[PDB]
Each structure stands twice: as C-alpha cells, then as structure tokens.
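>>> Provide a 3D model corresponding to the input given below.
(chains A, B and C, ligands or ions: 10)
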Amino acid sequence: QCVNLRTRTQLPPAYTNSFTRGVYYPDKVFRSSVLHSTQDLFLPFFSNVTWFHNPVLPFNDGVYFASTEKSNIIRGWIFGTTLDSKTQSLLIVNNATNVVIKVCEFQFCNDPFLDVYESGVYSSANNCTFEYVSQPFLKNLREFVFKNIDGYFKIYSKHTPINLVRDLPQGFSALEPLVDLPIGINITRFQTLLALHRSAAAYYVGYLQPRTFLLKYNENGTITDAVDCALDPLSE
Amino acid sequence: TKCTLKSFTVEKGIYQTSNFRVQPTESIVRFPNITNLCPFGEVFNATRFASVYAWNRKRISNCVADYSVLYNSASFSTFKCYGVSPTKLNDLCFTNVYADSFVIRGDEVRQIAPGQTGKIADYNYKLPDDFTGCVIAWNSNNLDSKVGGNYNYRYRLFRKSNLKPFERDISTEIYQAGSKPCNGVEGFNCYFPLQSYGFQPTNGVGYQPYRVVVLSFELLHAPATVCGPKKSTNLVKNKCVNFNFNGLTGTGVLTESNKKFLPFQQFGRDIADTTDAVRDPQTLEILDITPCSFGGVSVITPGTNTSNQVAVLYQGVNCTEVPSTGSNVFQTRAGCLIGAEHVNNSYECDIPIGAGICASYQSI
Amino acid sequence: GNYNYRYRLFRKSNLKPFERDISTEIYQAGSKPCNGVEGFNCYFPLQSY
Ligand SMILES: *[C@@H]1O[C@H](CO)[C@@H](O[C@@H]2O[C@H](CO)[C@@H](O)[C@H](O)[C@H]2NC(C)=O)[C@H](O)[C@H]1NC(C)=O
Ligand SMILES: *[C@@H]1O[C@H](CO)[C@@H](O[C@@H]2O[C@H](CO)[C@@H](O)[C@H](O)[C@H]2NC(C)=O)[C@H](O)[C@H]1NC(C)=O
Ligand SMILES: *[C@@H]1O[C@H](CO)[C@@H](O[C@@H]2O[C@H](CO)[C@@H](O)[C@H](O)[C@H]2NC(C)=O)[C@H](O)[C@H]1NC(C)=O
Ligand SMILES: *[C@@H]1O[C@H](CO)[C@@H](O[C@@H]2O[C@H](CO)[C@@H](O)[C@H](O)[C@H]2NC(C)=O)[C@H](O)[C@H]1NC(C)=O
Ligand SMILES: *[C@@H]1O[C@H](CO)[C@@H](O[C@@H]2O[C@H](CO)[C@@H](O)[C@H](O)[C@H]2NC(C)=O)[C@H](O)[C@H]1NC(C)=O
Ligand SMILES: *[C@@H]1O[C@H](CO)[C@@H](O[C@@H]2O[C@H](CO)[C@@H](O)[C@H](O)[C@H]2NC(C)=O)[C@H](O)[C@H]1NC(C)=O
Ligand SMILES: *[C@@H]1O[C@H](CO)[C@@H](O)[C@H](O)[C@H]1NC(C)=O
Ligand SMILES: *[C@@H]1O[C@H](CO)[C@@H](O)[C@H](O)[C@H]1NC(C)=O
Ligand SMILES: *[C@@H]1O[C@H](CO)[C@@H](O)[C@H](O)[C@H]1NC(C)=O
Ligand SMILES: *[C@@H]1O[C@H](CO)[C@@H](O)[C@H](O)[C@H]1NC(C)=O
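Numbers count the residues shown, from 1 in each chain, chains lettered A, B, ... in the order given. Ligands and ions are numbered 1, 2, ... in the order given. Take a look:
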C-alpha cells in the first residue's frame, strides 16, 4: 500500500544556531543548591544544527531532535542499520491513543508514511522480539534526546509553550528522562514518519559530542543554569 | 589506662584509651510490590500438547518466574535439573528462556536427557550433551490417552540422519531405506517416517502418555530479564540498622525527612558523594539516613598515688546510650561524663575537660 | 573389581580445611525430608569406584 510520491519533497537543508538548548539530567540523584561538574555526551553550546523545512541521517553517538510542532504533524521514528529484514529494526509510533515500540525485522517501503483512511509502511514483519505500549508522547516546542549505550536505549523529552516565530528561543530548560529500554541494537541511521494524506515540515537535528559541563542545582533539585567548560577562556 | 600507658603507675590527668560505637540491631530489605508474573500456566496447564516431533516452543522474556511453586509442586513425577540446582534458581538467571513441550510414552521419559540416545532422542528431537536447564515430565493418561486409542499423536521413526541440537523435524517425506525410488507411494523400500501412538486409559505403566516440558536458559549479551521474585520485609525507624534499599547498601538510622524529591529521582546526596535521602520502592516516601553515633572515650584520674577511682568521658555522645549507670551522669557540651558530681562553685582548673569546664579531686 | 574405596558425593556444607568427616547419613536432595528412608530425592552420598 506504500508507493513513492510524484514530486520530491526535498526539504531545504538550512543551518541555524543552537544557543543554549540540549541539557538533560544525567542521572536520578537529588542535589540541592550545589554546583556539580560532570563529563558526558552533550550538544555543544552555540553549535550549528540542521533545519529541515526526508533523507537518511546517521545516528552517530546520539541525536538531538527538535520540532516547532503545529497541530501534530510528525508521528514517529524508525531506527536500524541496513533498514531491511536482514537486520534488526526499531519502530516507534505515537498514534492517537498510545505509543507503540516494536523491535522486529521489517521490510519498509522506500518512502514510509502512516497515511489516513493502521501501520502499513512495512511489507513484512517477522521474528519480533520486543513490544511496548505506553501513554502518548504528545504552536509548541518538542525536544527529544536519543542515546544508545551498552545495549540500553535512553529517550529524554521536554515540551514547551513558545511564541517566537521561526527559530529556537534564547532560554534554558532541562530535559527530564522519559524512557529506558533494555534492547541491544547497533543503530547507525534513522528516519522520520509523517501522517501524509494524498493531496513541508520544519524540524531541527543536531549531534552529540563528549565533553564536560557544570550544572547548578537549586534548592528543589531543578537544574537552572549550566556552563560549557570547553569554550572561551572565561568559561574554562 | 595502665595498658595504653604501658606502666603500673599513672599520674594525674586525662588519657584517651579507646573508641566507642553503636552496633547495628537488625537487617531490612526493601523492594517494590513486584508484578508481571511469567505466564507458565498456559504451558503446563495447556489444553493439549502437540506431537513429539512437532513439539511446541514458548519464548519467555521480560517477566518474573516463581520457581518455588513448581519446586514444591508434587504433581510432576519427573523433575530433573541439569544446569544448576533448582533451589538457587530463583536468584541466578539468564537473558531468555525456551520451553519445549511434547508428549511421549512412560518408557520414553529417559530418552529426554543430556547424553541420551533413542528413537525419540534421535528422530523426533535432540538434546545436546551440553544442554543447560531442566526437564519436567508428568503423567497425563487421564487426559491425553483416549479409550478409542490416541492415534492423534505421532512419532518419527525413520530418517536418514539424526537430529541436530535444538532442531524440530516435522517433515513428512517418505523415507526410503532401500535403493528403489518411489513416486510418492509407499512400497517395499519406502515407509512413512511417522507412526501413530496407541494410548489407552488401561494400557499399563510405561506406555501411558506423559507430558514433558523442557526449560532451557540462554545468556546472550543482552541484559537478563526473567528469574525469581525479590522478597522484601517491613522497615523500622529510629534504630541503627543496616539496609539494602534497591541495591544501595549501608548502615545508619532512618528517620522521616521533609525533602521534596522531584518525581524521577531515587536517592539524594549532599556533597562529597555521601547519600542522605532515599525513596522506598513500595510506599514512595523520602527517608533520611544518619550515621549512628560513635566517638572516643577518655579517663580522668587524680593520679595513682592519691587514689584509684576514675571518671569516664564519652566525647560528642548524647547522654542517651551509654550502655551503664555507675554514678550520677552529667551532660556537658563536650559529651557525657560519669563518675563525678556537678557542683555550683568555681575553682581553678586542674584537669581540663572542655567547653569551659574541668574536674578535680576532693570524690571527684 | 576394587570397591573398598568410596568417595563422598553429597554434603550439607563444604568441608573445613584439614577436617576428616566419616559419619554417613542420607541426603535430602528434594524438598521432602527423607526421614531416614532411601527413595525419591534421597541418595547415599558415598559412591564406590
Ligand atoms: C493506536 O495504537 C494502539 C496500540 O497499537 C491501538 O490499540 C490496539 O487496538 C487494537 C484494535 O482493536 C487491539 O486489538 C489491540 O489490543 C490494541 N492494543 C492494545 C495494547 O491493547 C489503538 O487502537 C490505535 N488507535 C488508533 C486510532 O489507531
Ligand atoms: C530470529 O530471532 C532469533 C532469536 O529470537 C535469532 O537467533 C539468535 O541469533 C543470534 C545471532 O548471532 C545468536 O547469537 C543467538 O544465540 C540466537 N538466539 C537467541 C537470541 O535466542 C535469529 O538470528 C533471528 N533471525 C534473523 C534472520 O534475524
Ligand atoms: C521549591 O519548593 C518550595 C517548597 O515547596 C516551593 O515553595 C512553595 O511553592 C508552592 C507553589 O510554587 C506554594 O504553593 C507554596 O506556598 C510554597 N511554599 C512556601 C512559600 O513556603 C517553591 O515554589 C519551589 N520553587 C522554587 C523556585 O523555589
Ligand atoms: C496448573 O493448575 C493446577 C490446578 O490449579 C495448579 O495447582 C494448584 O496451584 C495453586 C497455586 O498456588 C496451589 O495453591 C494449589 O494448591 C494447586 N493445586 C493442587 C491440587 O496442588 C498448578 O500450580 C498449575 N500449574 C501451572 C504451571 O500453572
Ligand atoms: C504497593 O502496594 C501497596 C499494598 O497494596 C500499596 O499500598 C496501598 O496504597 C493505597 C493508596 O493509598 C491505599 O489505599 C491502600 O490501603 C494501600 N494498601 C496497603 C496494603 O498498604 C501501594 O500503594 C503500592 N505502591 C506502588 C508504588 O504500587
Ligand atoms: C539527646 O537526645 C534527646 C532526644 O531527642 C534530646 O532531647 C530533645 O531536646 C530538645 C531540646 O530541648 C527537645 O526539643 C526535644 O523534644 C527532645 N527530644 C525528646 C525525645 O525528648 C537531647 O536534647 C539530646 N541531647 C542534647 C545534649 O542535645
Ligand atoms: C553554521 O555552521 C558553520 C559551519 O558550517 C559555522 O561556521 C557557523 O558559525 C554556523 N552558524 C551559526 C552557529 O549560527
Ligand atoms: C553491531 O555491529 C557491530 C559490527 O560487527 C558489532 O560489533 C556489534 O556487536 C553489533 N551490535 C549488536 C547489538 O548486535
Ligand atoms: C603522692 O601523690 C601526690 C598526689 O598529688 C603527689 O604529689 C606526690 O608526688 C606523690 N608522692 C610519691 C609518688 O612519692
Ligand atoms: C545550685 O545547685 C542547684 C542544685 O540543687 C541548682 O538547682 C541551682 O541552679 C544551682 N545554682 C547555681 C547558681 O549554680
């Protein structure tokens, strides 16, 4: 039921400044009114991230994803190495009622999309190993961080009400952990899924690098400010 | 004091001898309400088991398996474990489980075992000699055997080769022992590999049907998922005890605290990596940890020549847990002092004690 | 055939160093106590050569 479209929905690959977004709680420890220095994977400050207004993108160490969501156009993600039943494949879809996570060897069409009149982007599904159902994830800003370390898939998320027109705001907001999954995959690429009816989506992508950060914990244990040590000499 | 000073005579003064510490009382464990039991009911209490050469396979992963109920269950005539002893099976576990269910005769029960050979063990299913796990066999003559003959069950009897480990053969190809090919019709040199069982309610012991389930455990590099429950006991308060809260092991006294954990933190620490607050997986409340008291001890003596009575001071210890009683006990900003009486007067300082007070000999 | 030599096979707990234990008792392999009766889940710890 999946075929390629007529025209090419080549979204413009623009560039934009990261500013001070992409900070998450690295663990589940509670600290009150203290400055803590840590070393982990982070999105560097004031980096350039890619803006899409739907190709294959490498996974690398981790992924930071952002969406200026308007009326819930984006639907889910696909992860894998060769993107076929010859290898493993992870599918995550947030439909109208719940979120579904599947670990199987799918046979996806060239240009998947959910479509409306459930899942039909895959021609076959065999040897399914892991299944998961939970509460749905979703003029809003949706920020997600995906990491895959030692056979563990970590998803952090945050939702923000924003009023700015085009780009990311000049603000700070930590990302709370959302999901941990005990599944061993060696993902290298990922995609994006749209609910396209037969008849232009803006989002931002950035990568993660290992470095050291300084974080400030207030009285209640909420991160309010951070400093990137590998920057201009004043920060160091 | 004589021991520490290595002398038989001691002059007037205060000397530090040893230390004091409060021992833990009892131990506690704490784990969540636990759930997601493995669905073993549909395996052993299944309606009907398939054929021996078409044995059913069940994959068990991401659940908790209570082995105590099956270990104590006497409904199974044969329970042979080859991997590890079943008693400790509840603790050690593996990343995934395979359950192999079929039906054999009462005389074929010993075919299913590591390092065993036979018709079932070589033509219907193969158990590797390095197999790890357990085999559970139980009589089912009242159900599987039929009065008219249980010909529904079939077993493979003829095959050119044996079975590989963890291999299921359901092929119905006409076996040809001889050199004469057959065009799909059984002949002198051609026979059907599968023979029907003839179970009866009254057929004698050893020929009755027996349902066999083999549990095999595998430990691929993926994290382990399925094994026994984590028992937890009740908790106590205001007593120096040792605890293992969800893997965090330590000793101290547990009190109630008003700190506000944000809904995803588990435990907290202040500085220098020292845990202070924890959250119990069952009640979900914030508890505070304090190291139960300790401190040095000291002896005040007026000299060996004068007398031979002394006073004992515990430094930085509240006057609540000395043991014992001795004489009147006085609480000072420096600790707790026993063996001397407090007076209202004020003289020169003989044997310094601390916080602006000191003692002397008169009684002390 | 030499059968005068026997070796232990089952014991409640591991032996202490330089400890010689000679008493022989039935072993309760299963949950059901043998009560001094040899049978199911009960085997003699001494095996011959
Ligand atoms: C959204 O997805 C969920 C999960 O995939 C759907 O819930 C399933 O609905 C089918 C249809 O009857 C049931 O057979 C399944 O048992 C349901 N899942 C579970 C876990 O119970 C839901 O229907 C989907 N909603 C829409 C609008 O597509
Ligand atoms: C189908 O799934 C099974 C397991 O569900 C896969 O079998 C595993 O294959 C890996 C490959 O190296 C082995 O290391 C494991 O020991 C196998 N058994 C397990 C995990 O239980 C099988 O490879 C899958 N088939 C395909 C084509 O992906
Ligand atoms: C940090 O925690 C404190 C303690 O709960 C918060 O103070 C309370 O905040 C709530 C709602 O914000 C009020 O209803 C209470 O009256 C406050 N308690 C007082 C004033 O004693 C505080 O808001 C939290 N956040 C910050 C930034 O301090
Ligand atoms: C198969 O079903 C039987 C019948 O219910 C189970 O036997 C009972 O198990 C419960 C479990 O707590 C015990 O309280 C009963 O005393 C058992 N009955 C008898 C007569 O012993 C058996 O446990 C089930 N087996 C599996 C694997 O689910
Ligand atoms: C763990 O289980 C206990 C036991 O049922 C739960 O305690 C109950 O909590 C509700 C909510 O206030 C009370 O109304 C019940 O009276 C409690 N029952 C008992 C026996 O204490 C507890 O809520 C559970 N916790 C989690 C996190 O699941
Ligand atoms: C030793 O411990 C006791 C027990 O807490 C302390 O007694 C408390 O004293 C304060 C201050 O007067 C009171 O507010 C509390 O109500 C007392 N607690 C109890 C249970 O009575 C005592 O103060 C401690 N010793 C020292 C020197 O502080
Ligand atoms: C965009 O990326 C380029 C490097 O390709 C960089 O020189 C430039 O500063 C970036 N613009 C930003 C971060 O606004
Ligand atoms: C992913 O592929 C690499 C390349 O061979 C391999 O070393 C690694 O073990 C694989 N990871 C998983 C989870 O299979
Ligand atoms: C006897 O004890 C007193 C106590 O102050 C001391 O001053 C004196 O030197 C002692 N005499 C001795 C040990 O001969
Ligand atoms: C004197 O000692 C008594 C003890 O009976 C005490 O109650 C009182 O407070 C003391 N007065 C002074 C001035 O130390």
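
>>> now for residue A:64: which residues touch it?
For residue A:64, the contacting residues are A:21-22, A:43, A:49, A:143-145, A:205-208, by Cβ atoms under 8 Å, 6 or more residues apart in numbering or on different chains. For the C-beta atoms, the positions are set from N, CA and C on the backbone; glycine is no exception.

>>> brain fart, residue B:293
Residue B:293 sits in contact with B:21-22, B:240, B:316-318, B:321, where contact means Cβ under 8 Å, 6+ apart.

>>> with distance to chain A, neighbour count and secondary structure as extra columns, can I get those in a markdown table?
Converted to a markdown table, these look like this (distance: Cβ to the nearest Cβ, whole Å; neighbours: other Cβ atoms under 10 Å in any protein chain shown; DSSP: H, G, I helix; E, B strand; the rest coil):
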| residue | distance to chain A | neighbour count | secondary structure |
| --- | --- | --- | --- |
| B:21 | 28 | 10 | strand |
| B:22 | 27 | 16 | coil |
| B:240 | 24 | 20 | coil |
| B:316 | 26 | 12 | coil |
| B:317 | 29 | 20 | coil |
| B:318 | 27 | 11 | coil |
| B:321 | 30 | 13 | coil |
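
>>> what's the farthest-apart pair in those?
B:240 and B:316 (15.8 Å; Cβ to Cβ).

>>> leaving out the residues flanking it, which one is nearest to the residue of chain B found nearest ligand 3?
Across chain B, the shortest distance to ligand 3 (Cβ to the nearest ligand atom) belongs to residue B:260, at 5.8 Å. Leaving aside its chain neighbours, residue B:260 sits nearest to residue A:220 (5.9 Å; criterion: Cβ to Cβ, 6 or more residues apart in numbering or on different chains).

>>> distance check, the one you found against ligand 8.
39 Å (Cβ to the nearest ligand atom, to the nearest Å).

>>> that residue contacts residue B:261, correct?
No: when contacts are counted by Cβ atoms under 8 Å, residue A:220 is not listed as touching residue B:261 (9.3 Å).

>>> re earlier: the contacts of residue A:64 in strands, which ones?
A:49, A:143-145, A:205-207 (DSSP state E).

>>> neighbour count and distance to residue B:195 added to those residues, as JSON lines?
Output for those, formatted as JSON lines (neighbours: other Cβ atoms under 10 Å in any protein chain shown; distance: Cβ to Cβ, whole Å):
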{"residue": "A:49", "neighbour count": "21", "distance to residue B:195": "69"}
{"residue": "A:143", "neighbour count": "20", "distance to residue B:195": "66"}
{"residue": "A:144", "neighbour count": "18", "distance to residue B:195": "60"}
{"residue": "A:145", "neighbour count": "25", "distance to residue B:195": "61"}
{"residue": "A:205", "neighbour count": "16", "distance to residue B:195": "64"}
{"residue": "A:206", "neighbour count": "21", "distance to residue B:195": "67"}
{"residue": "A:207", "neighbour count": "18", "distance to residue B:195": "64"}
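
>>> got the contact list for the residue of chain A found nearest ligand 2?
Nearest residue of chain A to ligand 2, counting by Cβ to the nearest ligand atom: residue A:127, 3.8 Å away. For residue A:127, the contact set (Cβ under 8 Å, 6+ apart) comprises A:104-105.

>>> switch the cut-off to 10 Å
A:85, A:88, A:103-105 (Cβ atoms under 10 Å, 6 or more residues apart in numbering or on different chains).

>>> so it is in which element?
If you go by DSSP states H and E, residue A:127 is part of strand A:122-134.

>>> so that strand, near ligand 1 or not?
Yes: for a cut-off given as Cβ under 6 Å from any ligand atom, strand A:122-134 has contacts with ligand 1, namely residue A:133.

>>> C-alpha coordinates for that strand, PDB please?
The C-alpha coordinates for strand A:122-134 follow below in PDB (Å, rounded to 0.1, in the frame of the first residue of the first chain):
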ATOM      1  CA  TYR A 122       6.300  -2.200   6.300                       C
ATOM      2  CA  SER A 123       5.500  -5.000   3.800                       C
ATOM      3  CA  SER A 124       6.600  -7.800   6.200                       C
ATOM      4  CA  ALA A 125       7.300  -8.300   9.900                       C
ATOM      5  CA  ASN A 126       8.900 -11.400  11.200                       C
ATOM      6  CA  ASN A 127      10.900 -12.600  14.300                       C
ATOM      7  CA  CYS A 128       9.500  -9.900  16.500                       C
ATOM      8  CA  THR A 129      11.300  -9.700  19.900                       C
ATOM      9  CA  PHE A 130      10.300  -6.700  21.900                       C
ATOM     10  CA  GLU A 131       6.900  -4.900  22.100                       C
ATOM     11  CA  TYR A 132       6.000  -1.900  24.200                       C
ATOM     12  CA  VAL A 133       2.800   0.200  24.700                       C
ATOM     13  CA  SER A 134       2.500   3.300  26.800                       C
END
